[PDB]
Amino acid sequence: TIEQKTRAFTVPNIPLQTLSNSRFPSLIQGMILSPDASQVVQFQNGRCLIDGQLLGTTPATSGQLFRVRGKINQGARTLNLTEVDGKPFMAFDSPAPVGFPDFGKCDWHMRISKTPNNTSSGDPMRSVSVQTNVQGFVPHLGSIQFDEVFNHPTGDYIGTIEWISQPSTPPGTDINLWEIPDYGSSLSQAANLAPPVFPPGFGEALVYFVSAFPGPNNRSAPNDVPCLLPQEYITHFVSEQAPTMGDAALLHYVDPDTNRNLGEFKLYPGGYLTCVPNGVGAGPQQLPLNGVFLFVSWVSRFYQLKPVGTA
């Protein structure tokens, strides 16, 4: 319809501190730049074009995000993946089932239970561990491998990663949540991976939204999980499907108390934000978390942003 092809672009009118991470369900706790200015990312969750096209394993909503489901035989180590709703995972079509975790460079410590409940007594929760850099980690091929033999009844199991730790191998290496796992095998490449996102350069830098995930690391600091977009942005775009009318959407991060612009950002159609750091050490991490991103105008990709923060 005319209305559909002329639908004005909008973003959710909610403060950032109230919005959610798109790599796991949690409130956003900060904005950061990547420690390495050359950091390329290839997250498989939290990937959506601003006209509402989902990429990688990204779900439309948080209901499906960061869950794992599959069948496992008693005495086996192999979880044969399905979609979160129990339907078959069409392998080679996607890197993994929709919402499957994309936490690379760490060990996963999962909690799962047999579904649906068919019991009248007892604790149904089971602890399993998954390494992501071993030959058995092949979600693209339809399966992942637990560390230990699964001595519990054969069936359909659902759950999630509860906490993460430093990868078992190579021994001594740290968690690196900037990376995704290898979804494929030594024999087969993972098909339909969401593409990499490169630093824009020319004064601009990628903006990441972070939330702490349980577990230790070599730095005795929170495991901050960076993502490109709040989940509510993704849901909004999927619902709205507003046509992209320019190279980038200029956003102002506005203080709700004073109505003053705290920082200029560009939201690119590929589904990521940039800013111009106001010198070394400056950046969006210096801004309060109660601001609201407001859509100002479609702009050229060459449009220059006022630098944000203080060096």
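Numbering starts at 1 and runs along the sequence shown.
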Task: Of 43-51 and 256-264, the stretch whose C-alpha atoms average the higher B-factor in the entry - done: 256-264
TODO: Mind pulling up the entry and telling me whether 27-35 or 278-286 has the higher mean Cα temperature factor?
DONE: 278-286
Task: Top Cα B factor in the deposited entry, candidates 216, 172, 226, 99 - done: 172
TODO: Check the PDB entry and point out which of 112, 164, 91, 197 has the largest C-alpha temperature factor.
DONE: 91
Task: residue 236 by Cα B-factor - lowest, middle or highest third of the modelled chain - done: lowest
Task: Assigned third (lowest, middle, highest) for the C-alpha B factor of residue 230 - done: lowest
TODO: Name the third of the chain's ranked CA B-factors that contains residue 159, choosing lowest, middle or highest.
DONE: lowest
- [ ] Compare the C-alpha B factor of residue 220 with those of the other modelled residues in its chain, then answer lowest, middle or highest third.
- [x] middle
Task: Cα B factor band for residue 206 (lowest, middle or highest third within the chain) - done: lowest
